[PDB]
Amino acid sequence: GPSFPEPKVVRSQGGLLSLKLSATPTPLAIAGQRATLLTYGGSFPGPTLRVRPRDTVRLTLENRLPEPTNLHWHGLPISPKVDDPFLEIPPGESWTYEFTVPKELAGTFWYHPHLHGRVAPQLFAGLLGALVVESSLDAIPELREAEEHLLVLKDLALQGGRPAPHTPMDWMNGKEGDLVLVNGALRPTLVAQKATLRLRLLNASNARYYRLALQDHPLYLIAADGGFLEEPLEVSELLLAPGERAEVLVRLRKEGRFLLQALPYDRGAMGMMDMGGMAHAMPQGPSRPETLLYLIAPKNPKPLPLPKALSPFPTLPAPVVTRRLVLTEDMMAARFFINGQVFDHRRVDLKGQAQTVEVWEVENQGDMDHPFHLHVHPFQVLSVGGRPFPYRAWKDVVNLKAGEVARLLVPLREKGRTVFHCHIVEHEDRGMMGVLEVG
C-alpha cells in the first residue's frame, strides 16, 4: 500500500453520498497485533466521507453492537432533528440520517457516537471517522498543488485483544492509551513527493492532547475546526484538544527526516498517592513526548508560496444576550458540572432565538483542562484566558485550561433542542453537559 496509511475515501456521486455503514465488532490487525475493535465500515478509523456544499448525504447506520448507539455529525451546522443527540438506535436496528451539506461550509469534520453515558467506551473502542467538505478555495494553485493528507490522531490501549476497559480513574481523568496512533498506524512514515503538504488534522482521542510540533519547521494554520482562517497564520506549535480539528500547510525546507511530535503537555490529569496519611490525589504532570510520524522531505524542496488570503470571515450581527457557563469538578466522585448541575435530558438549560447572536462566557473553575463543545452552532472564539484569539474562523470545540474564561460569539442557526458539553468524553458521560433549545 501507500507508505502513509489513510482511511479509504467515500465521495459523493452526482451530488449524492448514499452509504450504509454498520457499527460492528471487527477483528483487525492494528499496530502489528490482532485486536477486535468497534468499527464503522469494517475499518479503523471509519471511512472518510468526502462531500461538497449542497450535496445530499443519506447515511444508514446499522447497529450491530450489543448496546444502543447513534451518530453525532460533529461540527456540521445542520438540524438537531437530524444530528439528534437524544436518539437511540437499539441493537440490531438501523436509522437513516439525511441532510443537505450547507452552502457556506468547508473543512474537516467527523462522525462518532453521542449517547449520554456510553460515549467514552464506544469512541475509545474505535467508533470514529472523518468527514471532509471540499471548498472552491481548494482549487487555488497554492492549495491545489499541495500534497494533501488526513491525520486522524487517536490513541488506544489493548487488553486481551480488545480495547482496555475503563477504570474508575479513567472516568475521572478521561482515558488515554499507550498506543499513540495516526490513522490507526504506529508511527507511520510519510515520504513527501511535494515540497508543500496540506495536512488535515483530527483529534479523535477520548482525552489525549496533541501539542503538535514538526522538527525544524513552523506550521501554517489555514483552517480551524469548522472553516478556513482569513489568511494563513504561522505557528511554532499547535495544540489539538479532544474533538478539535485544524488544517496546516507545511513548507519543507530541506532534504531529510523530520519527526512530527506530540510534545509534553500537562492537561491536569491526576493520580492517587499514599505517603503517610492521605490516599490523596496528585498531579500526573506533563505527558511523555510521543513521535507521531516520520516525515521524509523530497530532494531540493521548493515549497509553493503561501496563499495571501483564504476566506473572509462573516461580519456577525450585534449580540442580543450574554450567557455564563461555569465548569466545575468533583474529582473523587468523578462527577462534573455546568453551573452546579449535571446533565438531565429532560431539562432545558438555555433558551435562545434562531438567527440572533449570543456571547457565551465559558469559565473553567476546575483544575484540569476541559475542552468545550457546542453542537449545531459553530462559534467564533474571541478570547481565552483574557488573550484575544489571533485569527477569525469557525470553531466548535474550545480548550480551557484551569481558571480560564473563553468568550465566544455564537450565532444560533437551526431550531430545536441540542447539547453542549465537555469533549473529554468521560466528563460528558459523567455529567458535564447541558441542553440548549433554539426557537
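All residue numbers refer to positions in the sequence shown, first residue = 1. We call the rigid core whatever largest set of C-alpha positions still superposes within 1.5 Å between the two forms.
Greater C-alpha displacement in 8 other deposited structures of this protein (rigid core superposition, RMS over structures and residues), of 277 to 285 versus 251 to 259: 277 to 285. Between 99 to 107 and 268 to 276, greater CA displacement relative to the shown form is found for 268 to 276 when the structures in 8 other deposited structures of this protein are fitted on the core. Looking at 323 to 331 and 275 to 283 together, the entry lists the larger mean B-factor for 275 to 283, computed on C-alpha atoms. Mean CA temperature factor is higher for 139 to 147 when stretches 139 to 147 and 180 to 188 are set side by side in the entry. Of the candidates 221, 101, 318, 342, the deposited coordinates give 318 the top C-alpha B factor.
Across the options 314, 80, 129, 226, the residue with the most elevated CA B-factor in the record is 314. For residue 97, the recorded CA B-factor ranks within the middle third of the chain. Only modelled residues enter the ranking. Sort the modelled residues of the chain by CA B factor and residue 122 lands in the lowest third. When the modelled residues of the chain are ordered by their C-alpha B factor, residue 355 lands in the middle third. Among all modelled residues in its chain, residue 259 ranks in the middle third by Cα B-factor. Placement of the Cα temperature factor of residue 378 within the chain: lowest third of the modelled residues, per the deposited record.
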